[PDB]
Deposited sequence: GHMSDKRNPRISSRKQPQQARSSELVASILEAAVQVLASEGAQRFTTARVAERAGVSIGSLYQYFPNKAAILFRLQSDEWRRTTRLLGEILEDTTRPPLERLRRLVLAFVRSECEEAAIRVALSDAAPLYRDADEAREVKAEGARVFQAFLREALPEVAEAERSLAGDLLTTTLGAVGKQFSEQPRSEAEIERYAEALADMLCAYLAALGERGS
């Protein structure tokens, strides 16, 4: 647990991702790492899974906060989502080497549902059929455009700018719906 946590931290910290390397950083024997993760894929599947859980929590927290108006909340969500895709991409790439023949839609699906409730709050005048369609388009666009953006490595500044443009598009659509 403390040992696993440190392993996982050394892993989340450590393309040339290896077991020997994560154990060397963790200050443990590879024997000892091997008790918890028999291989590099095993570590990556845990990183992947902890990430989806962290992001589901975070994205839900952004949309429920009420020190900010809905358009502000949506902008913050977009930034957090794009940053998160760029991280999911690095693990996907490593997983591609480690488990070549190797869910994300069950996570996508729950994200969507939470977003529709936010819409309900942000668009009280908008008929349910329109609000549904809009929530589908918003969540599909965020997911599809975020994922494509992350198919190559990005700088922090690239991420911030792209997220700002993407939010401008999504927020403009949200505002036009509410006017």
List the gaps, meaning deposited-sequence segments with no CA coordinates, ordered along the sequence.
1-22, 37-42, 131-134, 212-214
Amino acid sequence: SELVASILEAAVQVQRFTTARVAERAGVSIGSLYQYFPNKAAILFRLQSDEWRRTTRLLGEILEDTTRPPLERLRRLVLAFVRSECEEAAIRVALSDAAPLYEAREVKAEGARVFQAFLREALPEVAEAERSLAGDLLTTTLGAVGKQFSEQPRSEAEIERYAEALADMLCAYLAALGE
From here on, numbers count along this sequence of modelled residues.
Per the entry, higher mean C-alpha B factor between 84-92 and 105-113:
105-113
Could you check which stretch, 57-65 or 135-143, carries the larger mean CA temperature factor in the entry?
57-65
Is the Cα B-factor recorded for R120 in the lowest, middle or highest third of its chain?
highest
Using the B-factors in the PDB entry, rank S32's C-alpha atom against the chain and give the third, lowest, middle or highest.
middle
Among the modelled residues of its chain, does the C-alpha B-factor of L3 lie in the lowest, middle or highest third?
highest
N39, C-alpha B-factor rank within chain (lowest, middle or highest third):
middle
Please say which third, lowest, middle or highest, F45 falls into when its CA temperature factor is compared across its chain.
middle
